[PDB]
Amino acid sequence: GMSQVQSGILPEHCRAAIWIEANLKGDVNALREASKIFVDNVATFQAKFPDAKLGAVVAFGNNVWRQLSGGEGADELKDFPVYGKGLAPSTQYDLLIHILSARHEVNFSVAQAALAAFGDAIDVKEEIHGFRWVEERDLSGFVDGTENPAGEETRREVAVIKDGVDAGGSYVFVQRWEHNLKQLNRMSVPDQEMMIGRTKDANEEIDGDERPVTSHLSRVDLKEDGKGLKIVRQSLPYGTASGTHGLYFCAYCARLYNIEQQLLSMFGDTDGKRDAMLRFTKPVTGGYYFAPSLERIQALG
């Protein structure tokens, strides 16, 4: 008489991922059976490839989730708004599939299974293949992950709803960034470090009173009466060397509130200042989703 978290929220250090964002083409009913087949497929792939350490998440946008849940729970869920009057664009879709593991080839098979399960009920808008880069660095050359919640106990505390109808569920935020590395390389390394809030090579935190308020850490390391607004990030680099490349940003949280406060800060809605990273990278997509518990996916009928 308890809830089980979907397998893709908590795993740490996964080297590869696939994110599929899609719109519903017909009756929302199509999503009930598809979702049940998909989580079964995941169990099958986990049995066949135990060394892949595979996890996956199926999550739903506001409109379809309100329909599937009958308006019960997910009190904070809403369509992703535009932040900064447009600095952060909004591309709210109906369905998010997140697959992650130690093996991209296994991820690819799972993605094919997801597409076969939902079939022509969905219109795929984005399919992104994330990869961990050398030293877990972002393509900018700065390490990404250092202050991310560590260990299953703390990641559960931050990401997983503890009780009520939504127990075992989580709110998800996805945002694809396009890096202009040519623009970044025009910046001196000291200026880049002041833009992030950490040193580049050694990845040492620069003190809050030594870095600009526009530094990335000053924008997103937020505390309310001394309590940090934590989130569990699953972001990874993506793209080609000669084409579009950047960071696929992905975060899970028991409360959408923590994510939103960080976006209001970054995009200038809180204090009129914006994130210094906007000097070399920009967000081009944006959406909020609700990841139910595994058992609620099994009560989709």
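Position 1 is the first residue in the sequence shown; the rest follow in order.
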Q. Which has the higher mean CA temperature factor in the PDB entry, 160-168 or 220-228?
A. 160-168
Q: Would you determine, from the values in the PDB entry, which of 91-99 and 198-206 has the greater average C-alpha temperature factor?
A: 198-206
Q. For the listed residues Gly145, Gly86, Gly73, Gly141, which one has the largest C-alpha B-factor as given in the deposited model?
A. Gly73
Q | Residue with highest C-alpha B-factor in the PDB entry, from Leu236, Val28, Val42, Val57 | A | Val28
Q: Could you look up the Cα B-factor of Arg176 in the entry and say which third of the chain it sits in: lowest, middle or highest?
A: lowest
(Q) Quick check for you: using the entry's CA B-factors within this chain, is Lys78 in the lowest, middle or highest third? (A) middle
Q. Where does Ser7 sit by CA temperature factor within its chain: lowest, middle or highest third?
A. lowest
Q: Relative to the other modelled residues of the same chain, rank the CA B-factor of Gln112 and answer lowest, middle or highest third.
A: middle
(Q) Split into thirds by Cα B-factor across the chain's modelled residues, where does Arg186 land: lowest, middle or highest? (A) highest
